[PDB]
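Down below is the structure, laid out as structure tokens.
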Amino acid sequence: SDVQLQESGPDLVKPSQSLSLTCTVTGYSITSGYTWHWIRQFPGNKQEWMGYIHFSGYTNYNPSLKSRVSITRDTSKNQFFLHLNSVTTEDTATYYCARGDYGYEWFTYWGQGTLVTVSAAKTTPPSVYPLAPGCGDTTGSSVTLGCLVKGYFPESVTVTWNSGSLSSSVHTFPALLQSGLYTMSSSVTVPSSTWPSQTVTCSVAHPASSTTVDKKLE
Amino acid sequence: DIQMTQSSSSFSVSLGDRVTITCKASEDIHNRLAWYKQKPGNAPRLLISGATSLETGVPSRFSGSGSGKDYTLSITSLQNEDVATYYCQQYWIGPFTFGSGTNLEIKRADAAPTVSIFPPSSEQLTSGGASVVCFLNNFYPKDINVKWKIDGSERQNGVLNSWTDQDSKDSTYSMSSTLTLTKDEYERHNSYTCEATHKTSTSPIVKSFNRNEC
Amino acid sequence: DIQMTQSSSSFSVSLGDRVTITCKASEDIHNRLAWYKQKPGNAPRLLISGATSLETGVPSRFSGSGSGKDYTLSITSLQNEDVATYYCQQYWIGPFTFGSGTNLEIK
Amino acid sequence: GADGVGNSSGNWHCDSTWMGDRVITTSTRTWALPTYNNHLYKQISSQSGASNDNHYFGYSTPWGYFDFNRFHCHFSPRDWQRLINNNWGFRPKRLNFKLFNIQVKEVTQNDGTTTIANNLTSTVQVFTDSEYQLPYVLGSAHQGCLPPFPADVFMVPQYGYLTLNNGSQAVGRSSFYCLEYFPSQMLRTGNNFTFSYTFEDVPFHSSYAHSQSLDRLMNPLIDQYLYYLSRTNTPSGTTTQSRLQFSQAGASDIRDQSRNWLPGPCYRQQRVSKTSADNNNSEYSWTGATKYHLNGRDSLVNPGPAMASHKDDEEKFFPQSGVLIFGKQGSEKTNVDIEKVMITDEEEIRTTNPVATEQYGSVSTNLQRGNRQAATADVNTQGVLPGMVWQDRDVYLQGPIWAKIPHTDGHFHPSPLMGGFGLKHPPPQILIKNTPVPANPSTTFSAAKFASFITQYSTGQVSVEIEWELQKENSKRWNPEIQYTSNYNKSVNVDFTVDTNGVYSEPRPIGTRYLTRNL
Amino acid sequence: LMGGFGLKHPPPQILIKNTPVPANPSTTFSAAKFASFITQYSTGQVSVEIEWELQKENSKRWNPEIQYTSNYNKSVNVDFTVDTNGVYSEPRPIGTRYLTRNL
């Protein structure tokens, strides 16, 4: 899998509100060629094509979305924008901007994508708990530690590890919803000779609530 | 709208094998069909356009064929980079529509899980909660089972199990299992155990700790 | 009489999932078909009429489509209120006839 | 006409030729026809509750009809342009119609699998209501006429009509016409149905705009000789003392000049502006719109009597229901946003008919006297008056072409209000149905109505050619007239063309008045 | 320039299409463009005959002119023939100038 282009915008939006996203392009000019499109993916998996804006500035939209979508451009900035009004929960998805080699074919370059969640559900920051060994034996060659990130709502948190060892094994477990809230975890394995001895810390960021919590292990 | 249907929803394959994916359209697309590749946590990338033309920089292993309603994407010898989900897209008419996608998991040998149990933190107990966790790392095949036993008796309620996507390098899977109880209930017992049952053995890998050991 | 047959007799689903129910008529109804929802111990309620028109006050999650012999009812994201049995009804000709019903157990 | 199975019942005629005085627009298109109401006539009515202004009672029939009451079913951009650019006016003269190459198919939905095949024998029957004994539907701006673009295949509309009603229910006088009670002609394949018509002396649609205007019409250079009332009172040292003096209207005086004719009539409309801002915020869509009412149901007054849509410098405005509005190819059915439609503009008239949004004039109210100031009041509705003169709503390529003059004890100047040609006996309604096909009957007799027929539909092409007359230009106007042109500058798509996905589309509405004649 | 005869009004373009066949329409009316047709194609033969005029030779050239011949020697395949799997093939391009006229 791979590409270029970057989207930016708010992670959270309240329902009846309008969603506004920006796509900044580098290495190419919005004018002079190609149509720039917007596509979204619901968390399940499918891709849906929202609409596009031509180099000339002409736009075409998906008929489903047409009534509440508007795509515009700022040539000076080399950015194109998406505006979706009357957002609903169904609107939650990852939004991508993409270039279309035009004329005969389609989307040559895609952005990273930005996840947008539509919820009033209330935005809730996670509770981060350190996962340190619970047993009656000292570790062998290496040790596994972790961090539980529980009860947060708008999806997408980022767990970053900091350890003594310049070599580690990290596992980020996919977030799952239960009773209207998300919970996720992450684990790290490091040489036993480097943990109790050298500090390991997990940093959890939840952009939606402007939070970041660091938890030192032990 | 033209509807595109993709054949196998998922395939597992290893580096070197040949894989074929199919896409059929509700109506004659006239070869205005493109194929995209999407890695987990990543955006899609254009492999082929015009049904058979490879995009620049795409390796020769990829090829596409088809006409009318039915098209196919073939990968001669799978490469590690190849793991991803593939989507077909029609640009015959607006609106452009995509297929459901086919997930290709490329990654292997059976591997028993490395299991670890973790008691509730002081921070959570302070707030009145109590979550015990068990990590089952680097195993294969994917199917696995975790049984929670409080003082020897199973516990079915309050469980969250999350599997990771197949590892892009070693092709193994990991799973996190959390058993949440209230601090009140938690302090009503001593031994907490999770039993991991997997293909790699008849006897489950068992881990546990006693609540009065500290 | 025109006979209506409904597809899945029963479905289990949870809040948030999408469900689709089908109804086919012995003869061409010409979109004179309505969908009703019935909770246990409760009477039926009108969701859609004219095959695709939502009744007032019905949430947008519900939608209907179809023509001729075959029609379908879809619920985009199930809600707790959604648990119930759904029946299709034809009013092309008398006597009006109902489908067997599909029981949706949400939880 | 008649023949065999492997024989084309007609060729494809789709030309357009100009003869200097006439011009014939031939045109053929492929069509398809399902079986409606599953072969039965169904009674239909408003929805019990529904606002009174919206009740009705009538029937829908298994019959489908044909229609081309849209100029673009005959003119092609280019062509239209030719016409519209060099002709003081034009009108239709005669026509010829023909259906042919009819073919009847029969679908088979066996389980999860349909399979269409030829039902050679079975027929489609056609019949033209040449005696106007059927509720004339055409002319009602319905949509299901011919595709502007040839290459487009289309579906035939279904015939339905309306009678009297006392709310959602019927009233006796209301009649129920049955389409089988006519002598349909039955076609099988290798069969064609031709028929021809001749229009009746009607007036050439005025396809020109006026250079002079009622008010500014006399000669500047010379003052009249008739006098008018210049002043009433007069300076008496400090105070005025009433003393009426008169003047002889001249150029400077103009507004005061004596004349000979009056602007067309009017029926005031609310003004709305293309600029969201200006417009008062609320729902006066119905409440504020100009209407009229019969038997207690207020109906809307769309295509108001022909009257200019905005004064000088206000192309931004328009009547609430004083103009014609078409959708931009694609535009959905309801509550679509301003950006999805094309609004017609009738400034061209200003010169003779009043402005839709502004009152006709202002008549005096009271009778003044020393102890009583002179009254006056503006008039928002002026019915025809002697000496009035005016112009009818222009036409527009994709607009109606004609309409049937209702059979009444009295009409007044019948140019259809939606614009077009007002015909007493318009092109007769053409109907078509597929003689039913009783699917397998039971061995033992039953006198019930047959209800199980073979599922099947028809198709085949249709052709319509019409001869129009023209009135060529003829002005000694030195300086260039205005003409309709297409933009020079590059564009991603040509106007009146198929996009990238082959979807033909009319960019703008094209009127008819470009050439300039004096008043 | 590509060679040939330059014609003011050359043989008119001949076109051919298959009048569409709307596959099964819905009972209830819709004014949309028809999009579901019967899948089908056509076939049949075509014939073209043309009359060409000629200007015959006429030189007092004594010695033999050059002519276009086919190689005498044996070959696995005849030129302008179908191979073993019936695939006709033109071996070489054949010009037109062989006969020799003086300038």
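In table form, for the structure just shown:
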| item | result |
| --- | --- |
| Elements of type strands (runs of 3 or more DSSP E) contained in segment B:78-170, each with 1 or more residues being more than 9 Å from every other protein chain (Cβ to nearest Cβ) and among the hydroxyl-bearing types (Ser, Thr, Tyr) | B:84-90, B:102-106, B:153-155 |
| Qualifying strands (runs of 3 or more DSSP E) (wholly inside segment D:6-109; at least 2 residues being of a type in the set (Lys, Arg)) | D:87-106 |
| For A:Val118: the one exception among (1) away from chain B (no Cβ under 11 Å); (2) buried (at least 19 other Cβ atoms within 10 Å of the Cβ); (3) out of contact with any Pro (no Cβ under 7 Å at 6 or more places or on another chain); (4) not hydroxyl-bearing (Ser, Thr, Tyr) | (3) |
| Qualifying residue in segment D:240-263 (condition: within 14 Å of chain A (Cβ to nearest Cβ), surrounded by 14 or more Cβ atoms within 10 Å (Cβ to Cβ) and not in a loop (DSSP other than H, G, I, E, B)) | no |
| Residue in segment D:101-114 that is touching a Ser or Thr at 6+ places or on another chain (Cβ under 6 Å), at positive phi, of a type outside the set (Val, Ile, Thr) and buried (at least 16 other Cβ atoms within 10 Å of the Cβ) present | yes |
| Within segment B:184-214, considering residues that are within 11 Å of another protein chain (Cβ to nearest Cβ) and among the aromatic types (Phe, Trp, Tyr), the one surrounded by the fewest Cβ atoms within 10 Å (Cβ to Cβ) | B:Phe209 |
| Search result, residues across segment E:30-58 that are more than 33 Å from the chain's Cα centre (by Cα) and not hydrophobic (A, V, I, L, M, F, W, C) | E:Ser30, E:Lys33, E:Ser36 |
| Residue satisfying condition, being more than 14 Å from chain E (Cβ to nearest Cβ), among the aromatic types (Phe, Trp, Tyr) and either in contact with an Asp or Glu (Cβ under 9 Å, 6 or more places away or on another chain) or not in a loop (DSSP other than H, G, I, E, B) (or both), within set D:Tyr136, D:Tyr132 | D:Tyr136 |
| Long-range neighbours under 8 Å by Cβ, at least six apart or interchain, first residue farther than 17 Å from D:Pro427 by Cα and within 10 Å of another protein chain (Cβ to nearest Cβ) within segment D:140-164, second among the basic types (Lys, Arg) and part of a loop (DSSP other than H, G, I, E, B) | D:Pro147/E:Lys33; D:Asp152/E:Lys33; D:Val153/E:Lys33; D:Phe154/E:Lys33 |
| Residue that is surrounded by the fewest Cβ atoms within 10 Å (Cβ to Cβ), among those in segment C:11-21 that are farther than 26 Å from C:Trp92 by Cα and among the polar types (S, T, N, Q) | C:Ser14 |
| Complete set of residues in segment D:248-296 that are basic (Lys, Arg) and under 22 Å from D:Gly383 (Cα atoms) | D:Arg259, D:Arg268, D:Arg271, D:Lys291 |
| Subset of segment B:45-74 [surrounded by fewer than 19 Cβ atoms within 10 Å (Cβ to Cβ) and of a type in the set (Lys, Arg)] | B:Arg61, B:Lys69 |
| Which numbered condition B:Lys24 misses (of (1) exposed (fewer than 15 other Cβ atoms within 10 Å of the Cβ); (2) more than 9 Å from every other protein chain (Cβ to nearest Cβ); (3) charged (D, E, K, R)) | (1) |
| The lone exception for D:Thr26 - which of (1) surrounded by 19 or more Cβ atoms within 10 Å (Cβ to Cβ); (2) farther than 26 Å from C:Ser67 by Cβ; (3) out of contact with any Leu (no Cβ under 6 Å at 6 or more places or on another chain); (4) more than 12 Å from chain E (Cβ to nearest Cβ) it fails | (1) |
| All positions within segment A:22-52 that are closer than 22 Å to A:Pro154 by Cα and either more than 14 Å from every other protein chain (Cβ to nearest Cβ) or of a type in the set (D, E, K, R) (or both) | A:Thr22, A:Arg40, A:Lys46, A:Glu48 |
| Residue ranges of strands (runs of 3 or more DSSP E) in segment A:145-218 with at least 2 members within 14 Å of chain B (Cβ to nearest Cβ), buried (at least 17 other Cβ atoms within 10 Å of the Cβ) and among the aliphatic types (A, V, I, L, M) | A:181-191 |
| Filter result (more than 8 Å from chain B (Cβ to nearest Cβ) and either within 21 Å of the chain's Cα centre (by Cα) or closer than 22 Å to B:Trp35 by Cα (or both)) within segment A:62-84 | A:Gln79, A:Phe80, A:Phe81, A:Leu82, A:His83, A:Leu84 |
| Residue count, segment D:361-413 (criterion: exposed (fewer than 11 other Cβ atoms within 10 Å of the Cβ), among the charged types (D, E, K, R) and in a loop (DSSP other than H, G, I, E, B)) | 1 |
| Filtered residues of segment A:101-113 (kept if surrounded by fewer than 21 Cβ atoms within 10 Å (Cβ to Cβ) and either more than 9 Å from chain B (Cβ to nearest Cβ) or in a loop (DSSP other than H, G, I, E, B) (or both)) | A:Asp101, A:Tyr102, A:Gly103, A:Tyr104, A:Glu105, A:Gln112 |
| Residue in segment C:28-74 that is nearest to the chain's Cα centre (by Cα), counting only those that are of a type in the set (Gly, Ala, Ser) and within 14 Å of chain D (Cβ to nearest Cβ) | C:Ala34 |
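Laboratory data are not the source of any read-out in this text; all were calculated from the coordinates shown. Don't worry about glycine lacking a Cβ; one is built from the backbone with ideal geometry, like all the others, and counts go over all protein chains shown.
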